[PDB]
Structures are given as C-alpha cells and as structure tokens.
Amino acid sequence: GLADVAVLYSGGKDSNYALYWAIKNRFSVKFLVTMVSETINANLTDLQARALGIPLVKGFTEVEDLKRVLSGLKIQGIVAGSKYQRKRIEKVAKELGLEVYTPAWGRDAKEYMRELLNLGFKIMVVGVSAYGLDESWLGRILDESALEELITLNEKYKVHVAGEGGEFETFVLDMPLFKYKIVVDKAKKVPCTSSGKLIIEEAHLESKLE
C-alpha cells in the first residue's frame, strides 16, 4: 500500500541486486521497468521476468520517456540498480513525487561482488570494453575464481572489479528469487580496441524445485 515500488531492471547484476534488496527489505515490487531505445537478445529481461513471476513494463524511446512510463504506475518509489545517472534518476523521481532507492552505490566493489556470489547470483559476462579483457571473457560465468582474476587485473590495469565504467556488462542467469533458471544454448561473441559483445541467440528456462 505504501511500500509499492517499481524496479529499474536492465537484466544485469545491479538490476537484480536492486530487486533482491527490495524484496528482502519488505518492499512490494509491483513492476520491473525496462526501457528500449531505437530474437531473444532484446527480450532478455522478459525471459527473466517470466523466471521471476513479476510483471514487466516495457517503455520505448530518453529521460522524458522513462518519466512518462513511471507516471502511469501506482507506486510510491523506484529502486535503481555513470555517477551522474544517479541524479538523473533522482530528478525524475522527485518530479514524479516518488522515493528513490539506490542500494548499489557507495558499496565497495570487492565487497559488493563477493556479496553477490554468496547470495547465489549466477552472472555471465555479456559485454567487455576495457583493456585487459579479451573476447575470452565474453560468455564466462562469474564465480570465485573469476572474481580473483578481476581483482588481479584490477591491481595491474586498474579495471573496476564490478565493471563500473563500461568495463564489462552482465546478465543474471539465476538467483534465489528466480523460480526458473536460464540456460544459454546458442551465443555469438563479436580486436584493436577492447570492445566486445555477446549475442545470445538461443536460451530457455529450466524448472527449479523451490
């Protein structure tokens, strides 16, 4: 009634952490909200929404568009997953008279990443844009072993261990809240620079006993 909120869901580790945080903090998540600007590679959050059972609202566009979509939802606040993007979301939250939560902000990278692993988050690298991360990273799962490598790479090339700054993009395949697990069947990964993306061609949900 007064704990009603929408979660800004991009399908990555931060969107999913913001979702987990919201539920564990007694918030009532009415909707996951994803914005799309001008295949299953585009409906990945849909796949996750199904696994979650939480209604997904999709808007199309970039700031005004989001505001307009949120304004049509009966919520008291929104949970968000750059450093100024924060204020851009606080701007719309204030203009719409909504509370804004950013559970994933000043958290220490190393600690943050370790917490996602203990919580049972299964994360896959879907994009890389940093020197010291060849295409080999595209498609790998982030486990304790992977985190250690990111820590090392950090102590050399100073790459953020949480991908902060476009270092790398992620997609959550599984989490305690997912009623279903996501499995990637076909993927195409596409270097002078250090730009690279993983295109999920085929994927499906597998029932979990929870």
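For every residue, the number given is its place in the sequence shown, counted from 1.
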Requested in this report: Between residue 61 and residue 62, determine how many residues of the deposited chain lack coordinates; answer none if the chain runs continuously, otherwise 1 to 3, 4 to 9, or 10 or more.
Outcome: 4 to 9
Report summary line: Comparing mean C-alpha B factor in the record for 84 to 92 and 108 to 116, the higher one is 84 to 92
Query raised in the report: On average, which has the higher Cα B-factor in the deposited entry, 46 to 54 or 157 to 165?
Result: 157 to 165
**Report entry** Candidate residues 170, 152, 34, 28, the one whose C-alpha B factor the record puts highest
**Finding:** 152
Report task. Kindly indicate the residue among 79, 98, 133, 123 with the greatest C-alpha B-factor in the PDB record. Result -> 133
**Report entry** Among modelled residues of the same chain, the CA temperature factor third for residue 66
**Finding:** middle
Query raised in the report: Within this chain, which third does the Cα B-factor at residue 22 fall in: lowest, middle or highest?
Result: lowest
Report summary line: Assert third(CA B-factor, residue 5) within chain per record equals middle
Query raised in the report: Which third of the chain does residue 38 land in by C-alpha B-factor: lowest, middle or highest?
Result: highest
